[PDB]
Structures are given as structure tokens and as C-alpha cells.
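Protein chains in written order, with this note's numbering: chain A, 75 to 188; chain B, 43 to 90; chain C, 6 to 131; chain D, 10 to 299; chain E, 140 to 512; chain F, 60 to 153; chain G, 11 to 186; chain H, 8 to 118; chain I, 238 to 332; chain J, 69 to 276. In this text, a Cβ means the ideal position worked out from N, Cα and C, and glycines have one as well.
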Ligand SMILES: NC(=O)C1=CN([C@@H]2O[C@H](COP(=O)(O)OP(=O)(O)OC[C@H]3O[C@@H](n4cnc5c(N)ncnc54)[C@H](OP(=O)(O)O)[C@@H]3O)[C@@H](O)[C@H]2O)C=CC1
Ligand code: SF4
Ligand code: SF4
Ligand SMILES: [Zn+2]
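Printed below as a string of C-alpha cells:
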């Protein structure tokens with residue numbers, strides 16, 4: 075099963091590229107929140123960014139992690155340019171609840187949700 | 043309907059005052075035409 | 006050229022941007038569609054249709070339509086083998102159910118069987 | 010009950026919820042956020058008005074396809090009001106002009122208007138009617154405004170007693186009255202405590218009260234979660250504003266008296282999180298300079 | 140500012156550094172929607188993906204389905220399709236001229252040739268009934284042939300329009316300041332014309348003697364007398380000249396098509412693809428069955444993929460069909476001359492200034508609906 | 060029309076293209092609407108007794124594409140080289 | 011067969027070069043352009059006075075989406091759902107029930123005039139010409155509720171004029 | 008010849024021997040390639056055909072008639088492109104046998 | 238021509254009248270529910286049953302090729318008058 | 069079949085057959101299928117490692133000029149280990165012929181950026197990356213065109229549904245445009261239309 079790679083040799087170089095990407099996102103926040111005339115503190119946005127990094131935490135193939143690094147690189151280039159607008163950055167946040175919980179009783183009052 | 047003008051100034055309508063009671067002396071509209079004259083004045087035919 | 010490759014399964018739901026709610030919530034169904042029995046034509050076989058489960062469809066209060074908050078409601082995926090069907094259902098992360106194909110059983114008929122001597126098989130009307 | 014009144018499936022944007030809310034006023038600020046939260050919920054809203062259709066037009070597209078409906082009423086007659094509450098599940102009284110006019114003083118708006126609408130709403134047979142007022146509306150001196158509101162609250166308790174009397178503190182939002190009042194200046198230094206409370210959690214509590222049972226009859230109040238100094242408030246809005254109809258009734262309303270009441274629940278007792286000044290105040294304090 | 144697109148131009152002062160079109164402001168989902176319909180249902184997507192050409196794209200899609208289906212259209216329908224194709228080429232070229240005119244200034248010939256275009260919209264209205272989105276071209280011939288009293292009106296328009304294009308060449312075209320506006324802007328190497336995939340009036344206007352009508356005649360164009368103009372230099376005054384001469388050659392083709400109109404037939408005589416006419420429908424049984432199932436299920440198509448391309452006035456309008464053997468298409472893509480012309484904007488705008496960049500975009504017939512697919 | 064000859068001469072002197080002849084405003088040159096009703100032909104079908112659809116079956120002639128490949132005057136081109144074009148007669152430049 | 015352009019050189023004969031120089035330093039063809047624009051000034055304008063003089067149209071214009079009924083009889087509709095089967099925007103919504111008399115009829119017949127792209131396929135697909143594209147053009151409605159026509163809207167709409175639609179169909183039942 | 012129709016392509020004056028030495032370089036760079044590959048056979052065939060057309064003719068217009076690819080300098084450019092792929096096809100070994108086949112349930116179209 | 242709700246509203250030819258626990262009534266407030274005034278069932282019974290003394294007859298419905306296609310209906314039952322599925326208008330034989 | 073049937077050029081059939089056999093015999097390293105359609109356009113089905121060599125061959129070599137590039141498309145076909153199809157389309161200026169280079173590809177293993185040999189393929193590659201996800205290594209600029217930048221999911225897959233997951237509206241609460249989950253007011257009534265009964269017996273695939 076000789077399958078071509080993308081960039082790396084195992085998950086270790088993938089961890090190196092994603093921690094470089096996380097460093098770039100971490101020092102890329104304050105210019106964005108200063109520029110876009112936003113509404114949310116710096117640490118809250120940084121916490122949701124690192125939460126997004128925590129979200130995909132069970133991926134083991136090197137090609138998929140490399141491709142997520144490429145996706146984050148594309149999105150970081152677009153945010154460090156002013157190509158995106160206020161709507162997109164607020165669209166990364168989810169403030170428009172929908173507070174729909176996993177409570178089975180609350181799943182029962184508004185239901186049909188297996 | 044006059045003929046000596048060009049194509050388009052053939053057929054023109056002049057309305058009345060309160061055909062329903064809306065003071066339509068002024069502020070005339072479309073759809074204030076009966077249907078046979080609506081086939082007439084849109085130059086779809088050659089017959090009054 | 007005998008490169009890096011690992012031998013693992015695929016988890017493409019990290020790539021296709023789909024909500025995890027609609028990943029873990031719904032459950033696919035893989036089946037050969039049974040023949041619409043009012044017609045008699047078996048060309049509608051020879052496929053492997055993947056559908057999803059039907060979900061909530063209320064009524065539009067203003068007109069009397071059918072509205073739904075279901076984005077994956079009206080898909081169908083036509084496949085040609087059950088092997089790659091189950092492979093794809095594993096590959097794109099969602100859970101799945103597998104029904105099984107049921108063939109028309111071959112029979113033994115004859116006009117001479119319809120016109121026997123002592124046997125009770127007798128059409129009696131034609 | 011007839012069908013198509015139950016909730017349907019999920020919630021929001023023609024995901025049909027339960028209530029049918031007949032709302033008075035609603036061209037005003039708190040009413041506009043309440044209509045916006047009902048359009049987010051997706052319920053059917055009936056708003057009558059008396060102004061130009063321009064204002065109800067700019068609050069129109071917040072509603073979904075036909076989910077809100079616009080009709081008409083006058084400040085005198087019960088007839089158009091009863092026509093507005095013919096078929097009405099729930100109804101709310103959000104009315105009031107904060108100064109006297111040549112055709113309407115403080116009398117008979119807060120006096121006549123909740124009486125007439127609560128009368129015709131009791132005759133129509135509504136449930137979970139909610140009347141708003143202000144906090145610290147007492148019979149005592151120096152406030153024609155607040156004593157007329159206290160008369161109106163006694164009216165709401167007397168006729169149609171099965172209501173919900175509700176009162177927030179000085180609420181602030183994108184089109185606040187007092188934040189613009191503190192920006193539109195040029196000013197006196199006295200002692201006063203005051204608590205402001207942010208608007209969207211207040212109206213989420215309002216819609217939670219109107220869609221949940223067990224809350225009828227009880228009067229509710231809304232509490233600013235820090236309850237800090239007036240002078241600190243003016244100095245804070247001064248420093249964050251970065252610049253180092255005003256009648257006497259308005260300036261007395263904002264300077265005179267504010268205090269807490271322990272009789273009645275606040276925010277989290279109803280089941281809604283309260284959010285303080287700072288974040289939303291940094292949001293709304295734009296318009297510094299060029 | 141109206142033109143609608145995003146353009147990020149990083150530059151050194153009034154000249155350049157790098158200018159990139161962000162397009163995708165208009166994306167609708169035409170390919171996915173055709174993937175969820177039938178052919179006859181999804182014909183108006185082909186009518187309006189380019190929206191100025193209203194019969195050329197119809198002609199392209201109908202030739203795509205005929206080429207996949209192996210059914211020759213009848214000759215009278217072919218001549219009518221040729222006549223409306225050349226009328227539509229005329230209309231698209233005259234729009235491109237007038238929209239570059241108003242985009243640069245030049246307020247009035249816009250209005251003049253729009254009066255001419257209103258006359259041609261009257262002809263489209265009398266023929267189909269639509270103002271602009273006249274579908275009118277089924278796969279397998281022309282639906283609902285033209286009424287009596289049309290060809291002499293076309294004849295009168297042809298004479299009047301030759302005079303009006305002469306008066307347009309009187310107004311502009313040796314006009315001093317418009318020439319001074321456009322001398323040496325938009326140089327195109329023939330290697331760049333090939334590798335950057337420019338097609339149509341760019342290739343007509345710089346170098347290569349390449350025309351689809353005269354290299355692969357997809358219809359009865361082999362019987363009419365005309366000549367495509369070749370461009371001498373990589374510029375847009377010359378490209379304007381070749382547009383105007385293509386208009387006048389289209390007038391010649393319209394005159395010969397009026398002189399060569401056979402009284403043959405309307406549609407194909409294939410009642411499994413084209414629907415029957417209504418009288419024999421309501422009399423016969425087979426005609427009713429074919430009407431009924433042809434409009435419910437649609438005609439089945441043999442499987443396979445095909446590609447075809449014709450002359451849109453922007454260029455090589457390509458439609459690429461993927462048809463599983465079924466009543467629905469499986470995929471379609473539109474090779475777009477507008478997209479191809481937008482691709483080479485760095486080479487067309489490396490050595491100029493931003494007002495001339497606006498002139499470069501204007502002198503190439505862009506719509507940004509066809510740039511979207 | 061419906062103008063005097065003075066301003067007409069001014070229009071012809073402003074551009075000499077016989078402005079009275081082709082005026083772009085047609086009066087009665089338009090062919091008359093509500094025409095005599097049409098009769099329409101049927102083409103190379105509807106003549107009976109020969110026309111089996113099995114014969115004229117333009118749909119079913121599509122074949123699956125022929126497949127190949129999973130002393131030589133050869134290395135041919137995909138087509139003959141295209142005949143190079145010609146300067147047209149009707150007033151080229153030059 | 012081609013005609014390539016820009017084949018003239020600037021002639022070095024003294025006549026042509028002094029004519030181009032006098033053209034440059036005397037502003038000649040700019041005045042020629044002014045002459046052409048004055049030639050279009052003194053014409054007569056092609057402007058119909060719109061609310062009185064309505065523009066010319068065709069016998070085959072596609073407007074109202076009306077319905078029809080039989081001569082001295084009920085609805086021409088059958089509710090066989092062909093128009094919803096062919097409607098490319100899927101704007102047609104049909105729910106059909108028969109009455110107690112036995113003939114098949116409807117309940118609900120909805121046209122999304124928002125979604126309606128005005129092809130004419132529903133006119134050219136109904137087997138009895140029940141739904142017919144109207145002649146007019148005036149819909150022009152202030153509220154988004156009110157451009158969702160129901161069956162009774164279409165019946166009061168098509169019964170607002172018959173002789174118009176029947177005149178157009180009698181003029182146009184042979185080309186289609 | 009004199010101000011050809013192409014834009015960025017300016018005419019020369021001695022086309023013949025330039026195109027001759029280009030074709031000799033074609034033959035030599037092809038000469039570095041092994042013989043058993045029939046790619047060498049077909050390229051050597053067509054290039055000796057073309058060079059036998061050219062070396063026998065000092066004409067120009069008749070050279071454009073007899074050899075296709077009008078007018079003249081595009082033949083030079085096309086031979087330059089062929090020399091570029093010759094230089095690239097010393098590498099890449101295209102005459103080797105087949106790289107790994109697909110799983111053969113793939114070009115079966117009608118699915 | 239019509240009937241009327243107990244609340245005082247125009248009913249339709251389809252029996253879709255309302256409760257007193259609704260809200261489509263409150264969107265009908267102030268704006269006229271434009272029912273079709275003329276119904277459809279009523280016009281049929283006013284028609285004279287066209288009687289032809291044949292056995293199997295044809296029907297077009299108001300002009301050749303302007304209306305429903307040809308339908309050939311039977312007139313062999315006597316107490317059951319044959320009804321066109323398109324026209325609706327009945328027929329009787331004569332003898 | 070003398071009227072109403074599109075005739076076909078058997079001359080072009082034989083010429084394209086001989087040319088396809090020529091190309092298949094002279095590049096045995098990557099060629100897997102050469103098929104001639106019944107309507108006579110050439111199709112060459114190609115392993116995804118001879119992308120750059122075969123395109124350098126097809127742009128040049130002077131027995132087949134093929135400068136003109138048409139579409140690059142990707143058609144999403146499941147029930148295959150290699151799903152997607154990168155479809156180059158080439159047109160010869162001197163010859164008037166069209167070849168469809170159908171090279172295959174999977175979800176993840178890339179192909180190799182035809183912009184180094186074909187400048188017109190640049191934005192085609194950017195578009196096919198944004199809409200499908202066929203990765204394009206050794207390419208300068210892979211960004212998003214024909215989507216929103218807040219949008220993702222590669223919506224031209226068959227796996228992505230018709231209506232997207234997001235939906236915009238405006239609200240005065242946060243005073244801006246927000247993106248909610250999809251709330252259709254009408255069903256998009258899907259029609260089962262594929263009748264049985266074998267409309268084409270020539271294309272009968274064999275059974276198991
Ligand atoms: N400080 C504050 O702002 C606070 C106010 N409140 C309460 O909230 C309300 C004010 O909210 P806000 O939105 O800021 O202000 P508004 O004055 O704008 O809200 C009142 C609304 O009702 C209408 N209205 C009032 N009186 C009449 C009348 N006599 N006839 C017709 N229409 C009338 C108003 O004008 P129109 O008729 O043109 O629609 C407006 O639409 C009051 O009832 C007040 O008691 C509570 C707490 C704090
Ligand atoms: S309008 Fe015509 S096509 Fe539509 S359901 Fe009625 S009879 Fe059928
Ligand atoms: S014109 Fe087209 S979109 Fe409109 S109702 Fe008829 S078929 Fe549907
Ligand atoms: Zn009948």
C-alpha cells in the first residue's frame with residue numbers, strides 16, 4: 075500500500091507544523107481585533123481559537139493533519155490580509171443561540187432528535 | 043389613434059375623474075383599462 | 006516510490022466541514038431499492054442506494070407547504086457494489102445500516118403444467 | 010387548543026414556535042429588541058402602531074415571511090385595540106412617552122392606556138399578559154413620572170389581576186436614552202447610586218417569562234449586577250468617550266433616587282444569566298472623534 | 140463603484156505592483172442545480188449563465204444534446220437558428236461597444252445603439268414572448284416557429300442598421316481623443332495568447348487566424364459568404380475595429396440568410412425527443428403518451444461524456460456534458476471565455492496604470508455572470 | 060418627417076447621409092398584424108407504409124466507444140494540416 | 011477568407027502629412043463629431059409617453075399566470091400535476107382531491123410569483139391549456155405575502171378577462 | 008518576410024541555416040537516446056523528412072507551401088519547443104514499461 | 238352564491254372555514270379574503286343534458302383542438318347517464 | 069436513417085484511431101486507455117504520474133501541437149477507490165481535433181500543478197481546489213474563488229447536499245449579518261423519475 079505523502083514523515087513533523095501554525099494564530103489575533111473594530115476581548119477569541127485546535131484532536135493520518143495545516147494557513151493569510159470582513163470573523167464565533175442542550179428532558183420538550 | 047406619427051405614438055388613452063371614486067383626474071395608473079382596449083392599445087392588433 | 010505511507014482508515018469529516026451534530030445524529034441506510042410493484046420492470050435494480058433517515062417536516066403556517074430544517078434530507082447516493090458502499094460509509098464517518106439484496110427466485114412453469122390430466126393444477130378458465 | 014399552535018420541530022426562522030404575541034408600542038427601542046428576539050424564535054407577532062409606515066417598515070424585515078403583521082390603533086378608542094387582540098395568545102404592554110406633549114401629558118397615558126387595554130384583554134381572555142414599568146416607581150414625592158407608573162401598576166394589579174407587572178432598572182443598548190444623554194452634554198456633582206442592566210438579557214428574561222408558566226401574578230424586577238456610583242459612571246463614560254428634550258423632569262429622573270428591593274426576584278432567579286457593563290459598553294462607545 | 144467585482148490592487152504610485160481580481164462575489168450554483176434536474180428543465184440555466192447572448196448559448200446547449208444524441212436538426216430550423224445566432228452576435232457586440240463607451244465616458248452612442256437594441260428586443264418579443272430570456276431552442280430543433288410578417292421587418296432593420304453603424308463609425312472610430320485613450324494598451328504575445336488560453340476576439344485581435352466557424356463549421360455556416368477580421372497588433376483600438384467588422388459581416392450573413400430561407404419544416408420528426416404539435420396530440424393516442432412521458436420523465440440519453448464549443452461573441456463557449464444513461468445529466472461544466480479572458484489580467488495590466496486597467500477590463504467583453512460557473 | 064425643409068437641410072448638412080430617406084422611425088412599413096392564419100407542413104415523416112421507427116432510429120445508433128491499448132511511413136497527425144486561409148475579395152485592407 | 015485591418019502607413023507625401031498636421035493644429039474632426047451630434051439633435055425623439063401610450067407587445071407575451079374555465083362550464087383544470095412536474099423552479103404546488111360528484115379536481119394550487127421565472131412551459135405543457143400566461147405586466151405589489159397566488163386568486167384573475175386570453179389563443183393556436 | 012501578422016513575433020532575414028542548425032541539434036539530442044525506443048524512430052523519421060524538405064530548397068514562399076506551419080518563424084519556434092521536450096525527455100524515461108495499472112473497475116463508465 | 242361562517246366570513250367552495258381558536262382569522266383582519274364569488278359545481282346542474290340517439294359518442298368541448306382531447310363515451314346504461322371526465326356534462330341516448 | 073440522423077465522419081474516426089494508437093504505442097509508461105467515441109472525439113485515460121510529462125509532450129512534439137486548453141474538470145464519482153477525474157481538454161490549432169485527457173485521482177494524493185506548462189490552468193486549478201479538494205502540490209496560489217471565505221466544505225461533492233448548512237440574515241441585536249443553520253420554507257420536492265425497462269440495450273453492463 076505505497077501511498078504518496080504530502081509534506082511530512084509521521085505525525086511528529088505534523089505536530090511541528092501545527093505548532094508553528096498555532097504560534098502564528100496566537101500572535102496574529104491582536105492585530106485583527108485591533109483592526110476590525112471588534113466586540114470581544116482578546117483572551118476570549120484566543121480561547122475559542124485554541125478550542126478549535128482542540129476540536130480535531132483525534133486525527134492520526136499525516137496527510138489529513140498536513141491538509142488541516144494548509145487550511146489554517148490559507149485562513150490565516152486571508153485574515154492577515156483585509157480580504158475578509160466583520161461578518162466572517164463574527165461568523166467564527168457562535169453567539170446566535172440556539173442554546174439547545176444535551177439534556178434529555180430538554181431534548182424531550184423540543185424533540186424528535188435522535 | 044393617429045397614423046401620421048411613428049410606431050408607438052399610435053394609440054393613447056385619456057382617463058376620467060372618479061371612475062371608481064379615487065380622484066383619478068390626477069394620479070392615473072395602468073390597469074385602469076378594460077380588457078379589449080388592453081389588447082388594442084398595446085399594439086397587438088389592428089382593430090379598434 | 007515506496008514513500009511515507011501509513012496503513013489506517015479515513016476520517017474525512019474533519020475535511021468536509023460538516024457539523025458533527027449531523028454526523029453523530031443521523032444514520033445512513035444502504036439498500037437495493039425494491040421494485041415499484043405496480044409496474045413490472047427490473048431495470049430499477051442493479052444499484053445500491055444510500056439514503057438517510059426521514060426527519061421532522063412541519064407545515065408552513067402561511068401557505069400549507071412542507072418545511073424542514075433538514076439539510077441532509079433529500080440526498081440519495083447511487084452505488085454499484087455493496088463492498089465500496091460500506092467502505093464509503095465507513096470512510097465518511099457517519100454510522101450506517103446495511104440491508105440485504107433479495108433476488109427473484111427462479112421457478113418452473115409450463116403451459117403443459119397448466120393443462121395436466123389428473124393434477125389439480127388447472128386454469129379452468131382460458 | 011387547535012393545532013398549528015404547538016411548537017413544530019426545531020426553533021427559529023419559520024420553525025414554528027408556540028406563542029402569538031400581540032405587542033403594544035414596539036416602535037420603541039426595547040420593543041424593537043423584543044420583536045427581534047421573537048423573530049429569532051420565529052413566533053407570530055402582531056404589532057399595531059400609529060406612526061408613519063416608515064418606522065414599522067424598517068423594523069419589518071427582521072420578521073420572517075409574513076410572520077409579523079402591522080395594524081393600527083389610536084390613543085383613545087377601545088375598538089381598534091379590541092380588534093388588535095381578537096385572536097391573541099399573549100399580549101404585552103410596552104408603551105410610554107417620557108415627556109408631556111400638547112395632546113398627551115403624563116396623565117391618561119399611564120392612567121388610561123393600561124386600564125383600557127387590560128380591560129379589553131380580560132374581556133378577550135388572554136393569558137400571560139405582561140406590563141412593563143420602571144423600577145423604584147413609588148407614590149412618594151418629586152416624580153410625576155414614577156407616581157404615574159405606580160398608579161398604573163396599581164391599575165394592572167386591580168383590573169385584570171392575573172397579569173405580570175415587570176420593572177427593569179436603567180437599561181442600556183445601541184440606542185440607549187441615557188448613554189446618548191450623557192454623550193449629548195455641553196452637569197452636576199451630587200451623591201447617587203445607580204445600577205444599569207444590559208438590554209438583551211432583560212428581553213431574554215421577558216420572553217422566558219412569557220413562554221414559561223409559573224410566573225403569572227408575580228411582579229419581577231431587573232438588577233444591574235454591580236450597582237455602582239453615579240459619579241464613577243459619569244467619569245467612566247467620560248474617560249471611555251475620550252473627550253477630556255432635556256427637561257427638568259428628565260434630569261431629576263436620572264439624578265434623584267435609585268435603590269434595590271428584596272421582595273421580588275432579579276435575573277438568575279428567573280433562569281437567565283446577567284452580563285455586566287464593561288464588554289457591551291466598550292462595544293457601544295464608538296463615535297469618539299474623526 | 141459599478142462595473143461588480145472585488146479587485147485588490149497592490150501598487151507603487153499610480154503604476155502597479157500586482158493586481159488580482161477577487162471574483163466569487165457572484166456564485167449561484169448552476170452546475171449543482173443542473174445536476175439535480177432534467178435536460179429540458181435545466182435549459183434556462185444555459186439561457187442565462189451568459190445573459191447578454193440569449194440565443195448563442197441556447198444554440199450551444201442544443202448542439203451539445205444533439206451531438207450526444209445523434210439527431211440532425213431539420214434544415215429550416217438550422218437556417219432560423221443561424222439567423223438568430225447572428226442577430227445575437229450583433230446584439231452582444233453592440234452592447235460591448237456601448238458599455239465600453241459609457242465605462243470610459245462617451246455618453247450618447249450608448250443610448251443610440253440601445254434604441255437599436257430595443258428594436259431587436261421587439262423582434263425577440265414577437266418571436267418568443269420573452270423580453271430577453273427567450274428559451275425557444277429545444278434540443279432537436281426550434282420550438283414554435285416564427286409568425287408571418289417578420290422577414291421584411293428584419294430586412295428594413297438591416298438597411299437602417301447598416302446606416303446606423305456607419306454613423307457610429309462617423310462619431311467614434313477616427314475620433315481623436317478615443318484613439319489617444321487607446322493606442323498601445325494591452326499587449327498580447329501570441330505565446331501568451333495560447334498559454335493563457337484567451338479565445339475568440341482576443342485571438343481574432345492579436346495574431347492567429349483562428350475561427351471556429353471556419354475551422355469546424357458546426358452547422359450550415361459553410362454556405363454563407365463572409366470573412367472574419369484578423370487583428371494586427373496587441374491593442375484594443377484594433378480589437379474594436381475587428382468587433383465592428385464582425386458586426387458588419389453578421390449583417391451580410393443575415394442578408395444571405397434571408398435570401399436562402401427554405402420552406403421545409405419546424406422541428407424534428409422524432410416524437411420521442413421533440414414533443415408533437417398540439418392538434419395531433421389531442422387527436423392521437425401515441426402523441427398523448429409521448430407528450431406525457433416526455434414532459435414527466437424527459438427523454439433518455441445514451442451514456443458518455445461529450446464536449447462541444449461554439450462562437451459566443453466572447454469566444455470559445457464550451458459546454459461539457461457528462462450523461463449517465465438516464466433522463467438526467469450527471470455533470471455539466473461551462474468553459475467560459477470571460478473566465479479565460481479574466482485569467483490573463485496580470486499580463487494585460489503589468490505595465491500600465493489603473494485608469495487604463497479599467498479600460499482593459501472594459502474593452503474585453505466581460506459580464507461576470509459567465510465568469511461565474 | 061413632419062418638419063420643414065430648412066432644419067431638414069441643416070440635418071443633411073450636419074451629416075450627408077440622406078437623412079430623410081432612412082429615418083429610424085417607421086410609419087406604415089410594418090407588416091400588418093392579425094395576419095391570415097397559417098398552415099404548417101409536416102416534414103420527412105407522416106407518409107405511411109414505409110416509415111418504421113426501427114428504420115429511422117436516430118436514438119439507438121449510439122455505440123459504446125471503441126477501446127484500444129490498456130516499414131512504417133507513420134507518425135501521422137490527428138488530421139490533415141488545415142488549408143491556410145486567403146485574402147478575401149470584397150475590399151480587404153488592403 | 012479574412013480581412014485584417016490597420017493597413018495604412020502615414021503617407022510621407024507632403025499633401026497627406028500637411029493635411030494630418032492641419033487636422034491636429036486646427037481641431038477638425040472634433041468639429042465633425044459635433045456636427046454628427048447636432049444631426050441627431052435636430053431629429054425627432056422615439057419616446058412614447060408611457061402612462062398614456064403603452065409600448066408595443068406581441069400576441070405571445072407571458073404575463074399573469076391566469077386560469078381558464080370552459081364555455082358555460084367549470085374549471086378547465088384537471089389537477090394531473092404536469093405543470094408541477096415540468097415547473098423548473100418548482101413553483102407550482104398542487105394538492106388534489108375529487109369532489110363528491112366524481113370528477114377529479116384540486117384542493118390547493120399555488121404559484122410562487124417570486125420563484126416564477128416565466129418560461130411558458132406550464133402553458134406549453136398543460137394538455138388542455140388550463141393555466142395560461144396572461145397578457146398584462148402589472149403585478150407591482152407592496153407586500154411579500156401578496157405575491158403568492160392561490161387558486162381563488164387565479165380564478166378571480168382569469169375571470170377578470172376571458173375574451174383577451176381567448177382572442178390571443180385563437181390568434182395563436184396554430185404556431186404552437 | 009516583412010512585418011508578419013503576429014504581435015510579439017518579429018521576422019528574421021536568414022531563416023534557412025538557422026532552422027537547419029536547429030534540426031541538426033534535434034538529430035543530435037535525439038542521438039543521445041537509446042535506439043530500441045520507437046519514439047526515437049518516429050521523431051528521427053519526421054525530422055529527416057522535414058530536413059530533406061528544407062536542405063533541398065533555398066526557396067522561402069515555396070518552403071512555406073511545402074512545409075506546413077505558416078508562415079516561417081513559427082516553424083522555428085515549434086522546433087525550439089520540440090528541442091525543449093527533447094532535453095526534458097533525456098530524463099523521465101518514457102519508454103519504460105507500464106506504471107501500475109488501475110484496479111480495473113474504474114474506466115467502466117455507466118456505473 | 239356562497240355561504241357564511243357563524244362568525245360572519247365568506248366561506249369558499251372548499252369547506253375550509255375556521256375555528257375561534259385560530260390566527261389565520263387574525264391575518265384576515267382588515268384585509269379582504271378574496272374568495273371566488275362564482276362557484277364551479279353550480280353551473281353544471283343548470284346545463285341541459287345533451288341527448289343524442291346514438292350508442293357511442295364523441296366529445297371535444299368547445300371548438301376543435303381548443304379544449305380537452307376527444308373522448309368516446311358509452312351510453313348503454315340507462316339510469317346511469319354517461320359523464321365526460323373532462324367536460325362534466327352528461328348525455329342520454331334516445332329510443 | 070437517411071433523414072433526421074446526424075451523419076458521422078468515418079474519415080475522422082480512422083484518423084483519430086490511428087493517432088491514438090500512435091500515442092499509446094509511443095508512450096507505454098502511462099497510457100491505459102485510448103478510446104474513440106462514436107461521435108469522434110479522442111479520449112486518453114491516464115495514470116496520475118505522467119501529468120507533467122504527457123503535457124510537455126502534448127504541448128510540443130510538432131506532430132500534435134495542441135496549444136489550446138479547455139476544461140480541467142473533476143467529476144465526482146463514488147464507488148471507486150480513486151474517486152475524482154481530472155479532465156484536461158486539449159485543442160490543436162493547426163489540426164482541428166479535440167482530445168480529452170482523463171487522468172484519475174483520489175481524495176488525498178495530489179496531482180502536480182499544470183500551471184508550469186499551461187498558464188491557462190491556473191485559475192482552473194484554484195477553482196477545482198476550492199470546489200472539490202484535489203490537492204495541487206508545487207503550485208504557487210491555492211486560495212478560495214467562487215465561495216465565501218467563511219464558507220467551507222467543498223460543495224461540488226455529491227456528499228455535500230443541495231442546500232448548504234449555513235444561511236444568512238440580518239439582525240439588529242448584534243447589528244450585523246449573521247449565519248444561522250438552514251431553515252427551508254419549502255421542501256425542494258425531489259422527483260423519483262428513472263423509469264425501468266432498459267432504454268439502451270447496447271450499454272447493458274454485465275451482471276455479477
Ligand atoms: N429609561 C428608559 O428608557 C426606560 C424605559 N422603560 C419603559 O420603556 C418604555 C420606553 O422605552 P423606549 O423604547 O426607550 O421609548 P419609547 O418612547 O420609544 O417607547 C414607547 C413607544 O410607544 C409609543 N407611544 C407612547 N405613548 C404613546 C401614545 N400616547 N400614543 C401612541 N403611541 C405612543 C411611542 O411612540 P409612537 O406612537 O410613535 O410609536 C414608542 O413607539 C416606557 O414605557 C418606559 O416606562 C423602562 C425602563 C427604562
Ligand atoms: S394546470 Fe394543466 S398541467 Fe397543471 S395540473 Fe391543471 S390540468 Fe394539469
Ligand atoms: S412559467 Fe415556468 S417557473 Fe413559471 S409556473 Fe410556469 S413552468 Fe413554473
Ligand atoms: Zn368531454
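Is residue 163 (chain J) helix, strand or coil by DSSP? coil
I'd like to confirm something about residue 128 (chain G): is its beta-carbon nearer than 6 Å to some heavy atom of ligand 3, or not? yes
**Report entry** Proximity of residue 62 (chain D) and residue 82 (chain D) at Cβ, strictly below 7 Å
**Finding:** no
query = According to DSSP, is residue 239 (chain J) helix, strand or coil?
reply = strand
Which value, in whole angstroms, describes the spacing of the CA atoms of residue 238 (chain E) and residue 157 (chain E)? Rounded to the nearest angstrom, the two C-alpha atoms are 26 Å apart.
Practice prompt. Compute the Euclidean distance between the alpha carbons of residue 22 (chain D) and residue 255 (chain I), then round it to the nearest angstrom.
Written response: 25 Å
*Rounded Cβ spacing between residue 55 (chain C) and residue 33 (chain C) (contact assumed at less than 8 Å)*: 6 Å
Using a cut-off of 7 Å between C-beta atoms, extract the partners of residue 143 (chain F) located in chain H.
77
#### Entry: Through-space distance from residue 156 (chain D) to residue 150 (chain D), alpha-carbon basis
Whole-angstrom Cα-Cα distance: 8 Å.
Selection from J:220, J:76, J:128, J:158 that minimises the alpha carbon distance to residue 148 (chain A): J:220
Original post:
Given residue 110 (chain F), which residues of its chain have a CB within under 7 Å of its CB, disregarding the five upstream and five downstream residues?
Top reply: Excluding sequence neighbours, residue 110 (chain F) sits near 104.
query: Do we get a CB-CB distance below 7 Å when we pair residue 10 (chain D) with the residues of chain I?
result: yes
Taking DSSP as the reference, what is the three-state secondary structure of residue 125 (chain J)? In the structure shown, residue 125 (chain J) sits in a helix (DSSP, three-state: H, G or I).
Q) Can you name the start and end residues of the beta strand (DSSP E) that residue 457 (chain E) belongs to? A) That run of the beta strand (DSSP E) goes 455-462.
Notebook entry, point to check: Using a C-beta cutoff of 7 Å, does residue 184 (chain D) count as contacting chain A?
Noted result: Look at residue 184 (chain D): its C-beta is not under 7 Å from any C-beta on chain A.
task: Please classify residue 136 (chain J): does DSSP put it in a helix, a strand, or coil?
output: strand
- prompt: Does residue 86 (chain A) come within less than 7 Å of chain C when only Cβ atoms are used?
  reply: no
ask   = Who are residue 57 (chain D)'s beta bridge partners in DSSP?
value = D:80
Assuming residue 207 (chain E) and residue 412 (chain E) make a contact with CB atoms under 8 Å, what is their CB distance in whole Å?
Not a contact, Cβ separation roughly 12 Å.
ask   = Going along chain B in order, which residues have a C-beta closer than 9 Å to the C-beta of residue 163 (chain G)?
value = In chain order: nothing, as chain B lies at least about 15 Å away.
- In chain F, which residues lie with their C-beta within 9 Å of the C-beta of residue 61 (chain B)? Those within 9 Å of residue 61 (chain B) in chain F number zero; the least Cβ separation is about 29 Å.
Do residue 18 (chain H) and residue 327 (chain E) have their CB atoms nearer than 7 Å? Between residue 18 (chain H) and residue 327 (chain E), the gap from beta carbon to beta carbon reaches 7 Å or more.
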